[PDB]
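Residue-level listing of the chains:
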Amino acid sequence: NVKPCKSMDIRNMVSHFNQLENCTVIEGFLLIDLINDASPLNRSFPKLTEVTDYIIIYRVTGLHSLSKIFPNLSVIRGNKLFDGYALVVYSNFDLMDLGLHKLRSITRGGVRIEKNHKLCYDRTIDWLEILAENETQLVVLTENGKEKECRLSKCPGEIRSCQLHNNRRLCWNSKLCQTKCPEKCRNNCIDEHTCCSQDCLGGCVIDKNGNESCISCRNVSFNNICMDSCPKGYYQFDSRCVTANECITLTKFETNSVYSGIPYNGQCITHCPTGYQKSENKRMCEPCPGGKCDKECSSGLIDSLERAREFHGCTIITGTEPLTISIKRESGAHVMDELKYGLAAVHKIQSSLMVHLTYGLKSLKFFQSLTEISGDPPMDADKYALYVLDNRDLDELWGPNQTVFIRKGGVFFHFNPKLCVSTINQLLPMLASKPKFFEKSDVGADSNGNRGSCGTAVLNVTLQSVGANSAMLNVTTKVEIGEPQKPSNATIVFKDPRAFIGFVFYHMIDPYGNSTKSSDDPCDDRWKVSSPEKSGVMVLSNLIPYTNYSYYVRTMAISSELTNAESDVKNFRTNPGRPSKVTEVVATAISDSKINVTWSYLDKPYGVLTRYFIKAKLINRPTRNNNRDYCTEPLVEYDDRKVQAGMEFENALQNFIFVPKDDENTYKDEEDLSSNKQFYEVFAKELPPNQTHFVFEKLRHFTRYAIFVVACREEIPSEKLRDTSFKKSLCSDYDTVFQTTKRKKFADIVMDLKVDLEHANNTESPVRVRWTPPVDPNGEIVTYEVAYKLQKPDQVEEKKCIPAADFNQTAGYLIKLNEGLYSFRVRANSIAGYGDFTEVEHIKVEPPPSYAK
Amino acid sequence: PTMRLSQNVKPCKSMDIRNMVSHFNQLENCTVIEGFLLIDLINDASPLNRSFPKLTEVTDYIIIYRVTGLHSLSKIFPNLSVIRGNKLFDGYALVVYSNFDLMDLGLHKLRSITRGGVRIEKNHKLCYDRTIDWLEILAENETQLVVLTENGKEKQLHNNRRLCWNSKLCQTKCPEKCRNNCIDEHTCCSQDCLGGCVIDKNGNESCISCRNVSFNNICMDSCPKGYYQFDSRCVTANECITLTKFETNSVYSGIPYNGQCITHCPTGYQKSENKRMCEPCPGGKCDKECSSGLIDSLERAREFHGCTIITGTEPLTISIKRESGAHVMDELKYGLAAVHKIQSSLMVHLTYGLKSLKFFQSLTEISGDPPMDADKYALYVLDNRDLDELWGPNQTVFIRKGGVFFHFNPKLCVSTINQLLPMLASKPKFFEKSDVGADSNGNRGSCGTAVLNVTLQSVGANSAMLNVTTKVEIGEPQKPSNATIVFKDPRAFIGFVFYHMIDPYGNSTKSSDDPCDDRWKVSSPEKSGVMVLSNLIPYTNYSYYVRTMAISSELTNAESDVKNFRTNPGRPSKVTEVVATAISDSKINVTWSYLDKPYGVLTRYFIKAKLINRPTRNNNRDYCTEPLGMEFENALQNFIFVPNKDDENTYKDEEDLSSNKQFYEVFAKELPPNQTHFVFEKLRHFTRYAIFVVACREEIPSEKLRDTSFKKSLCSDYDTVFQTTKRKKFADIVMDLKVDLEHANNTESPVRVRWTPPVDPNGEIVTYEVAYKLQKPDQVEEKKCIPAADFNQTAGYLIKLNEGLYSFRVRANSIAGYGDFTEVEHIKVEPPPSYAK
Amino acid sequence: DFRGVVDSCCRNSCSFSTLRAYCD
Amino acid sequence: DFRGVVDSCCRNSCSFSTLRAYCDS
Amino acid sequence: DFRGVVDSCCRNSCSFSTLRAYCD
Amino acid sequence: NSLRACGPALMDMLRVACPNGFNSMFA
Amino acid sequence: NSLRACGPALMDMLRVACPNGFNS
Amino acid sequence: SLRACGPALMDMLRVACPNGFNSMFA
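For every chain, the first residue of the written sequence is numbered 1 and the count continues from 1 onward along that sequence, whatever numbering the entry uses; residues with no coordinates are hidden. To label them, take the chains in the order written and letter them from A, then take the ligands in the order written and number them from 1. As a convention, hydrogens and water are excluded, and side-chain values are obtained from all of the structure's heavy atoms. Residues with missing side-chain atoms are left out of burial classes, side-chain pairs and their counts.

Judging from the entry metadata, cryo-EM is the method by which this structure was determined, and 4.00 Å is the reported resolution.

S.K.: When you look at the UniProt feature "disulfide bond" in chain B in this model, what are you seeing that I'm missing?
M.R.: All names here are of chain B. Note on disulfides: each one is a pair of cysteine sulfur atoms within 2.5 Å. UniProt positions are given in the numbering used here, feature names are shortened, and annotations may be inferred rather than shown by experiment. Between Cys174 and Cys182, where UniProt records a disulfide, the sulfur-sulfur distance comes to 2.0 Å, consistent with the annotated bond. Assigned by exposure class, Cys174 and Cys182 land together as buried. Judged by the under 2.5 Å criterion, the sulfur atoms of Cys193 and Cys207, which UniProt pairs in a disulfide, are close enough at 2.0 Å to be bonded in these coordinates. Taken together, the positions of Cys193 in strand β14 (residues 193-199) and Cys207 in strand β15 (residues 205-210) put the pair 14 residues apart, joining distant regions of the chain. Taken as a pair, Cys193 and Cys207 share a single burial class, namely buried. To sort residues, take the accessible area from a 1.4 Å probe on protein chains only and compare it with the maximum for the residue type: under 20% means buried, over 50% means exposed, and anything in between is partly exposed. Under the DSSP-based scheme used, a helix requires at least four consecutive residues in state H or I and a strand at least two consecutive residues in state E, with every element numbered from the N terminus.

S.K.: Where do I start with the sheet that holds strand β27 (residues 323-325) of chain A in this structure?
M.R.: Across a sheet, paired strands are connected by hydrogen bonds in the backbone, their directions being either parallel or antiparallel. Strand pairing follows a simple DSSP-based rule, namely that at least 2 bridges must link the two strands. Ordered by their spatial adjacency, five strands build an open sheet running β25-β27-β29-β31-β33 (chain A), and the pairing between neighbours is parallel. Of all the strands in the sheet, just β25 (301-302) and β33 (410-414) of chain A have a single pairing partner and so form its edges.

S.K.: Help me understand the side chain of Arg827(A) in this model?
M.R.: Residues and elements named next belong to chain A. Of note, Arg827 is situated in strand β56 (residues 820-830). Judged by relative accessible area, which is 15%, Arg827 ranks as buried. Every residue pair with non-hydrogen atoms within 4.5 Å of one another is taken to be in contact. Excluding its chain neighbours within four sequence positions, the residues that come into contact with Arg827 are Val750, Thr783, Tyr784, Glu785, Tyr834, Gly835, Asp836 and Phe837.

S.K.: Would you mind showing me how to read the UniProt feature "repeat: FU" in chain A here?
M.R.: Per the UniProt record, "repeat: FU" is found at residues 192-236 of chain A. Helix and strand shares over residues 192-236 of chain A are 0% and 49% respectively, and the end C-alpha atoms of the span are 32 Å apart.

S.K.: Honestly, the packing of aromatic side chains in this entry has me stumped. Any pointers?
M.R.: The way to describe two aromatic rings as a pair is by their centre distance and the angle between their planes. Ring pairs are drawn from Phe, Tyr and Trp, using the six-membered ring of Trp, whenever the two centres fall within 6.5 Å, and their geometry is named by plane angle: stacked under 30 degrees, edge-to-face over 60, tilted for the rest. As enumerated under the stated definition, the model contains 84 aromatic pairs over all chains in all. Taking the centre distance of 5.8 Å and the plane angle of 80 degrees together, the rings of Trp127(A) and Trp172(A) count as edge-to-face. Each of the two residues, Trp127(A) as well as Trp172(A), counts as buried. With 6.4 Å between their ring centres and 35 degrees between their planes, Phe36(B) and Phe25(H) make a pair best called tilted. Here the residue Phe36(B) occupies a position in the loop between β3 (32-33) and β4 (37-40), and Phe25(H) occupies one in the segment after α1 (7-15), the pair thus bridging two chains. On the basis of relative accessible area, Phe36(B) is assigned to the buried category, the value being 0%. Clustering of aromatic rings is evident, with ring pairs tying together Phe29(A), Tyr54(A), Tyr58(A), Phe82(A), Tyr85(A), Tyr90(A), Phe253(A), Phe632(B), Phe639(B) and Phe26(F).

S.K.: Would you mind showing me how to read the pattern of salt bridges here?
M.R.: Salt bridge criterion: a side-chain nitrogen from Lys or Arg within 4 Å of a carboxyl oxygen from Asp or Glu. Throughout the structure, instances matching the rule amount to 84 salt bridges over all chains. Here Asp60(B) ties to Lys87(B) by a salt bridge, and the two come within 2.9 Å at their closest N and O atoms. Note that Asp60(B) is positioned in the loop between β5 (57-58) and β6 (62-65) and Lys87(B) in the loop between β7 (82-83) and β8 (94-97), a separation of 27 residues in sequence. In this structure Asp60(B) comes out as buried when scored by relative accessible area, which is 0%. Look at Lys87(B) and you get buried, because its relative accessible area is 16%. A salt bridge links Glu703(B) to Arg706(B); its shortest N-O distance comes to 3.2 Å. Linking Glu703(B) with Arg706(B), this pair stays in helix α7 (residues 701-710), spanning three residues, or about one helical turn. The exposure class of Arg706(B) is partly exposed, given its relative accessible area of 31%. Within this structure, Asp296(B), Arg300(B), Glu303(B), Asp1(D), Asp7(D) and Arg11(D) form a network of salt bridges that share partners.

S.K.: When you look at the state of the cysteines in this model, what are you seeing that I'm missing?
M.R.: In protein chemistry, a disulfide is the covalent bond that joins the sulfur atoms of two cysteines. By the definition in use, this model includes 45 disulfides over all chains. The residue that forms a disulfide with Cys523(A) is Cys516(B), at a sulfur-sulfur distance of 2.0 Å. The sign of the S-S torsion, about -130 degrees, decides the handedness of the disulfide formed by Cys523(A) and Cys516(B): left-handed. Linking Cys523(A) in the loop between β38 (500-509) and β39 (528-529) with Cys516(B) in the loop between β40 (493-502) and β41 (521-522), this pair reaches from one chain into another. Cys523(A) gets classed as partly exposed once you look at its relative accessible area, which sits at 49%. With a sulfur-sulfur separation of 2.0 Å, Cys240(B) is cross-linked through a disulfide to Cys261(B). Judged by the sign of its S-S torsion, about 95 degrees, the cystine formed by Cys240(B) and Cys261(B) is right-handed. Taken together, the residues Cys240(B) in helix α2 (residues 237-240) and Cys261(B) in strand β23 (residues 260-262) connect sequence positions 21 residues apart. For the pair formed by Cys240(B) and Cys261(B), the shared burial category is buried. The closest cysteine sulfur to the non-disulfide-bonded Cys120(A) is located on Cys155(A), 8.0 Å from its own sulfur. You can call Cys120(A) buried: its relative accessible area is 19%.

This is the structure in structure tokens:
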């Protein structure tokens, strides 16, 4: 009837696919994984109707349809979700029919059918019917069809079976449309018209008569009885009920790790509830005996991070043989990350602890909760409880304020070249013997710390000057070079003047100032580092203005001098200097009178911007080569190796010898009207630095203006009175933008237009046209164009081009005409363009006189 | 036959010139110094009235120390021609230390420094010290032992180097046959001279110093009988017993013995009662006993010469801190080779330049009677930067008490320390883990090693295959022999690991165990020992090497040498700076450059131009109106993986003319590799060309045979530089312009205009513009625009005008822009009748 | 909290022998 | 042994009355 | 055959033994 | 040796890492 | 370490790993 | 008392004595 399977992990050897047979419920989840070619699947599994947990179909290839595998899938309950999803179908490049056609309920969580490049027909299902309604935010479908089609596939019945739905159709493929159940159904039934009884889930099947049975039934099942809840002594497990002892036969798989079923509260549960633990008879839950529950694990070698992971969530480490942290791989800084993951939860190493050959390991900080090493069977004939050998890079033991009581045996430390003896001597309060000291035989004094920065004193460094691009660092500490005077306040004394090579200054740009000193990892190269400077005054240089910098100092000495000192990291900031040029300055002509200038300060300010200074300078009017006449067209270490060699030679020598353009000064608000009071020749304004648009007014019609934009920052107190501001530099550089304003309408109208005959005796009538040159033109007049027309049809209007070089000296242009009444009108042409004519003037030209009447 | 020395020798003792300049009278008439010359702490040498041209040579060493007011050593030494170095100060023969006024060295006449080396240091004002070729003045192999530091440098010119003693004098070279013995850069001299020779006015020739010894000031390879050698010269016994050397803050008399004037009886002999002679030690061997103490220098190791027992509770501490240390082993031999046992511990700590304890040639026992360091240790060996082997081959050093301690000897591998196991009193199988640090020792030294040969099977352009042609055997299958290398356990050998990097100079040092020395790309292990590299850059020198990887239980190393190969040329990158500028209506100059890397040798460029069709005047433009996420993928993987333009076939010299033969439709030319410009000619006017420059590289035999199977190409990609040739002037001129009047009796005259459309305009004719001008004053030219197609098929147009003389002109407006106006046509239109007349 | 290649080798670096631990 | 200023002083921590022993002229 | 490499281990990564298996 | 592989570039490297398959949960 | 190349780089590496040649 | 070494010892001897500094053969 309802025979189950546990979880399944299907694999490319398709003989693994045969695991699905003769069980209708997967009692856990389905993974189908990396079948490189599923084509040899001759089988199908229509017996499979239900999965309790979730489906993953991941990178299956040689597979074309899920109907091929498990076509009768009717319910995925979601009694777990994978990351919130009950159905993941990911990157199945060959998957092309999502033929889950009988699928009715995904009772919890979301659906994610994506990257299946051949799976058309994904949005073509209204997944929201299949889910529970609360989950309808959790349907995700992407990359279903990068290049396969441009809407070329089609549903059943529709023209590019079922009615129209969502004003499209709902489609599993080109063949099948989404099964319904009535609105008062809820995906527990399997025809469009008449749902099953409401005790069912997914669907029901009706016998050859009319007896109706569930495919899956909702609240629980036992003996295939559709049930509200399991009877007393039957324990619920996701879908069916089980006997008490049967629960222990069950499993569920989590976090890549097995859990048994434990029968509690009338349920199988994979974990006892928080504050309870699995009983000793592995079949019942009990309270944590201490009120806290503590996973107990077995001691062994930890040769690799991939091994260290096995301890995750362990709290007690147990067994007759030492936990042995032996990360021989020079892995580097991630060693602490995986070790912290593996071991940070340990309370108690019963076995004693060994730390051997490990390269990457900086410290035992990763035992972030270790508080006892009970040493019930300590190493080397119970002699040592904590054995720390050959650890090249180990230089710290436990965390700050970390206590770890060691009950039995001593501690053995050798060949840890960076582990300072004075750090090992922090364990003295921690042994049960509370011993006064460690013997040479336990803690080798020459074997530990012979390259640690041990006994480091503290230097005080002060920023004695600053620039925009430089700084002076002075080491204020009385570092005494050569032996002291006894009363001296000598903080550190280098007993040999030449053992001290110099101070080394470290600095970096660090806006937050939360940086910390460089570790000994040469890949930790966050810091610029000076040559050693023996004066202790270093003028840092080429700094970025107004930038938060951090710096620190250490003394550098030959490898065999144990005196050393080192500052904390100190923070400072450079002066703001000169703010960068303003950007995007564009000038657009509005009219003959107005300009809109747009800009935005993209490059960074230094300090705080205080003003944008806008200045417009009127360029001279244009002028053009009238000799190139254009009536035709006016229109518009060795620090050790060589030093030590020097030391011992000089010692040997001495033993032998002695045997008994507008400078920003000018940036000020201005108005400079021209003499006519009509327009500006200069305009300037110190706009608020919040504004990046400016509108000019009363500009001279048709002229080019140069436009600055300048961003300025506040002056520093030392500048405004100690520099006397003479270095200035408060204000940016600028680029001269230009714009030409616009032509003033009708400004080129010739005024006072008059036309008359001269009275001198003539045969061809001397018509004189007079005017005054335009009083305020759009720039220099090229020519006047006079247009005149005899006032009848079939006449073209004549035009003459008269250079402006003629009209004043003529004081009136003279034209010859004969009998007729003529239109006259005139316009000037500027080098800006043709003007607009006057209204038409008229003249009656009288006829050539005659006397033969 | 034989030659005299130059001049005649007056000998002088081992002078010390101290504090007062009047002490320089000690050099007065000294020809040679029969020991060292020490000049020091003259706090102002400017009062120096004399230079001393007679000091031809010094037998031992020169020390100039803290002297000031002295501007050049030539002001003392005109002719210091050789330092012989029969003794050496710490191994140096010349020391010039902290002489604050010694701005010039001036030893122009110095021709040989015959042993040891030179240390010139802290002369903050000295200059040009850096220039002299000390490796050419020195002895043949001591080239490590010249040191030049803290000299100011004012911060033939043989083989382009300024070997000159400051401004005036340049240091002579000598030719190969007479290094350090030429009189000038031309003139070698007889081998019995050293430090050069003088040739007199006549051609008689005299050595400045004898290459061995002299008698009667005549150079000879050995003394006459009845006399004893004494560094520079032979002496009688009665001289030798009075002659002296100063050593160990002590004066020693000469002993005339065995042909030499020896300050110390040789091994197995001891001084006679009168000191005039040597006689055998009691039983033929002596038993000198010496106190243990810190050997800080070779000059202090001298103090042990002839010791044989080292005694007393202090540990004998070798702590020599020389660098490179060409002399370290020799002077340590002189010091302690005669030591046969050490009563205390031996300690060798913070040494530099000390290669090995092989100088303990006679050492047989470390009695350790009082040990050291909580009395735990007897042979204590810490922080030696150069120590890499202990005792001589088959030498034994029995240790009676305590252990060894070995730490931080980076170049001494544990296999070498383990040779001491058969020498401890306990004869243990191993050291205790407090006593030899497994990672501290030998982590920079070639440990238990055998060489792998690597053979490069094939070079490709982007790939190469390396095969480890040295064998490996795993276990003892069939009881192997001559395996070259063996791994005892099949688990232990993880495989060969292949290293490579781009290395143009082919000299990169192997990958260090520094965590951020990642110059080398490194493979994963490959048990077959064959690997195919990929993503190589062509024509690039790649260095590579191999090592065996084994689990940490296995000490068996094996590494190849660094070797090198160059990838094959492959394919050149695109040309650069290719821009085409029209010079004339038919000519384009094309720039280019080849600043990207060629991946081989470029043989020739190929430059081609393709004519393109003239533009089309679209119906859309009005002719006269518009004139011219991953988080889920990561999560899902974690859950699943449970741990357990046309191609070179078109490129050829090619030429193809228009159907009218007037212009090239295609032109292409192959050019010398130095040619980086070309001018096309006889191009069509105002017409677009595509242009490309494609470089081609040197074809290689295997590449052209290989190419037969996979059709590669030798030549770079296109970057077609589309642009147009210039406008041909005049071409758009309307021609055969005619205007006529039809006799249709209209009230205004139907003027007819006609012309020939242009022969070959600059592209398509868009419109014709007709212009007319009444030839009165008071008139201007007026313009009518007509679509081109409306005229062409009509071959005429009718304009209506009233009476007068009209000029007429026409021009085309092609897409190239307005053409020239025609020559001015005319019409003399006449008035219509008035019927009252 | 998983053992698997997506933080063995994607969130940081790894050696190829770690990938070989997943093979069958 | 001990025959020089760098043994007597320096690592031998001489008194000034010893240091003058080299100057006595 | 170029068929076999373009079809397999160009859209995938070849092992060394895989690539060697296309040699004759 | 600088794997750094992610996503499909990691899947294509795990399948580069063995000819046989991988998955062996509860097996 | 898994190889990856396509087109002419693939042919170049097949000509690399196959000094005794490969069928076209 | 005093522990001058190297240049410190050169400086103490050279400063803290007269023009007398004689040693060998004297």
